[PDB]
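First up is the structure itself, then whatever we jot down about it.
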Amino acid sequence: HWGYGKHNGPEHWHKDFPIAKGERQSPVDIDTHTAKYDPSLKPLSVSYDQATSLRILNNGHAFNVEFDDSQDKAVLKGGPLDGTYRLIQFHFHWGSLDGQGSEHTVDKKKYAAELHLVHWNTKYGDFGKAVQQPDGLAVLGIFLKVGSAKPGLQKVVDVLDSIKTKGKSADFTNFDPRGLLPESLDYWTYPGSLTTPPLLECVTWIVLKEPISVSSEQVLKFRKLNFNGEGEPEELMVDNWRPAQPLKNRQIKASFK
Ligand SMILES: [Zn+2]
């Protein structure tokens, strides 16, 4: 099955998922000097005050914090979006070393990790219908650099020992995702895809310019997770990131100048 090793990694995915070579694949390198400032873009509206987290789960390629998405509780609006997008989960991509780990890059610069908050368009009724549509998903991407600790991340870091192996899940209630956001909400946006199989081209990417800082100790704990299931040989969950894909016929827009 697909993964991030030498024999099943991203360079192999096209054999099972031929859209891997499609026209709007993600991630991409953000060239800050060719991105177009678009003054018609609106500020992002992030309404997470009523967010209800439920569970944290190791799915064999990352860990997902899942939210109750049966009502408009935690929603993303504005920016380049039409309509209302509900938060369903967030997860991260990270490296084996501090110098790599993000999926998107900025002027070819790699960050130590990348946070993805995944939202789906309410007009489509459920997540599974949203993935089939070109405007079905909105993913907020936030870079992580190593520096000072992020206090609002620590609750996540402390529970990772209970979900070390694939298929492990733990109750994870009352987590506030507002603790993960940077000060500024300036962003780049472009139309893209999921960055894991099935790689569907259903995503409006919204990548924040300002990274958040996490401590060396916090990212170290990410790297103690396991791709494998319990009772299988240990393969550390590191470098679960897809390399940048060709931009092709797309334009990256910026909310700022
Ligand atoms: Zn992701």
> Hey, any idea what the orientation-averaged projected area of the convex hull of region 137-195's Cα atoms comes to, in nm²?
Replying inline: 6.1 nm²
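Evaluate the relative contact order of region 22-70 (contact order divided by residue number), counting alpha-carbon pairs under 8 angstrom at least 6 apart; express in whole percent.
23 percent
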> Over the chain, with a single point scatterer placed on each C-alpha, what log10 of the ratio I(q)/I(0) does the Debye formula yield at q = 0.12, 0.15, 0.17 1/Å?
Replying inline: -0.68, -1.13, -1.53
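Scale the Cα Rg of region 81-222 by the rule-of-thumb value 2.2 N^0.38 Å and send over the ratio, two decimals. Write down the numbers at each step before the final one.
Details: Rg = 15.4 Å, N = 142, 2.2 N^0.38 = 14.5 Å.
The value comes to 1.06.
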> How big, in percent, is the set of alpha carbon pairs in region 7-151 lying more than 26 Å apart?
Replying inline: 33 percent
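Which value, in debye to the nearest 20, describes the size of the charge dipole of the chain about its Cα centre when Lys and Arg Cβ atoms bear +1, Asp and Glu Cβ atoms bear -1, and nothing else is charged? Show your work: numbers first, answer last.
On the way: 31 positive and 32 negative charges, 102 e Å.
The dipole of the chain has a size of about 500 debye.
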>> As an exercise, identify the trypsin sites (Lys or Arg not before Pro) in region 1-78 lying in DSSP coil whose Cβ has no more than 14 other Cβ atoms within 10 Å.
In response: 6
> Between region 110-172 and region 176-244, what's the alpha-carbon centroid distance in Å?
Replying inline: 7 Å
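No lab work stands behind these numbers, since they all come straight from the coordinates. Note: ideal-geometry Cβ built from the backbone for every residue, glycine included; neighbour counts use all protein chains shown.
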